[PDB]
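Two versions of one and the same chain are coming, encoded as structure tokens; call them structure 1 and structure 2.
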Structure 1
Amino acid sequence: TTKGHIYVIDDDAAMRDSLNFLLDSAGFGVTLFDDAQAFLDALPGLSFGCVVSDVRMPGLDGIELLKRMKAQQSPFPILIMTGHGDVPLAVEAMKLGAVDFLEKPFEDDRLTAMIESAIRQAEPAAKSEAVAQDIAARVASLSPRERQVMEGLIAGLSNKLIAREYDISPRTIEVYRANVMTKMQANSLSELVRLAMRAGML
């Protein structure tokens, strides 16, 4: 039992030691990486936690780390540690999705407060991930016309307008609707909308 797990990425041994110590005092669990690839190799097997990474890790600077993390659709929040000269690189990382940055040297409590906020904001999506991936799988199981019919239903088109808009035979609209509802496991249009919510289709 811990206040959250932290994945530290820093090629500087003294930073790793200093983070290791201060995060433990605050009650977090910690796993450390000195090598860019090592983190990415482990990443499919890691449980939810907050990443705290040097902005200029050799082989995974802040930009590259963020590009890979979202390629993996990771829900982990990322904080970037940086010297003042690399603040602009940290800026790019936040535009790509990093939660916040810290200019070194920073105080122990500024990091741990930032981590607490990051974990609190990211945890809900981490918790809802297996179901959102199930929903995405359902959406991917639709045929192309079924996907169009789902879109037309949510957009509020009549069956006649769905047929006309997508060039589907009128006699197949209810066939596709039924397939949509079964594959999505939706019991109504509102339910279909909320599934499209959780799959971010709006």
Structure 2
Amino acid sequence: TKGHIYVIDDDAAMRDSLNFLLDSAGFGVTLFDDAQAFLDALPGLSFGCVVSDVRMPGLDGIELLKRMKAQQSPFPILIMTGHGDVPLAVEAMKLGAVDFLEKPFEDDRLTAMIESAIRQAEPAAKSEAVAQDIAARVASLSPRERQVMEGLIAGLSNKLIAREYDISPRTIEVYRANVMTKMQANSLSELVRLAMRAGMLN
């Protein structure tokens, strides 16, 4: 499939149009006629592009952009607006929507817009996937390796790590080697970067 689209709109006419033009274009589709049906589903939705009514009851463009950011979703979001509501869509753009379409619109404008939005959002998809794995790599260290790693990324030398965590200075190099291989880090430098993505530096 060419991408999956989650459509949110209380107008059955719109849901039916979009389901048609998107299927006839090769995308998968899930329709939500109800705001909390979409929210209830969001934490186990796989990656896809959201196409939402800018004035969905309960979940307008601003409201949706805030809940998507709060749930830290990398799903790109397109906003469907009527001409009178474009000021509202603009506020959704300032909160990170990818684009908006004012109604009526041509189908190929929307499909083009969807392809582009999916292409632009896949780096942050892959990024959050990598942050997931990094967290798993951290979780897998032994408590002594977690100690050495905390030290290294805090900037401590071999001896300061050794007297802070009370470890023979002759074995730091060894827990460091184990940390590096389990973190798949090629240098202190990269180990600290991995730590930052993991949120162990704040």
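Residues that one form lacks are left out of the comparison. Counting starts at 1 and follows the sequence of structure 1. Here the rigid core means the biggest group of C-alpha atoms that line up within 1.5 Å when the two forms are laid on top of each other.
Checklist line | Hinge between rigid parts between structures 1 and 2 (choose from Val99, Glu129, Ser158, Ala38) | finding: Selected hinge residue: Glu129.
Notebook entry, point to check: What is the rotation of the smaller rigid part with respect to the larger, given in whole degrees, between structures 1 and 2?
Noted result: The computed domain rotation is 50 degrees.
Next item on the list: May I ask for the C-alpha shift of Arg194 between structures 1 and 2, in Å, based on superposition of the rigid core?
Entry: Displacement of the alpha carbon, after core fit: 3.9 Å.
Note to self: Keeping the rigid core superposed, can you check how far the CA atom of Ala163 moves between structures 1 and 2, in angstrom?
What the structure shows: Between its two positions, the C-alpha of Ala163 lies 16.7 Å apart after core fitting.
Item checked: Core-aligned CA shift between structures 1 and 2 for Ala93 (Å) -> On core superposition, this C-alpha lies 0.4 Å from its counterpart.
Note to self: With the rigid core superposed, where do three or more consecutive residues all shift their C-alphas by 2 angstroms or more between structures 1 and 2?
What the structure shows: CA shift runs, sequence order: 133-190, 192-202.
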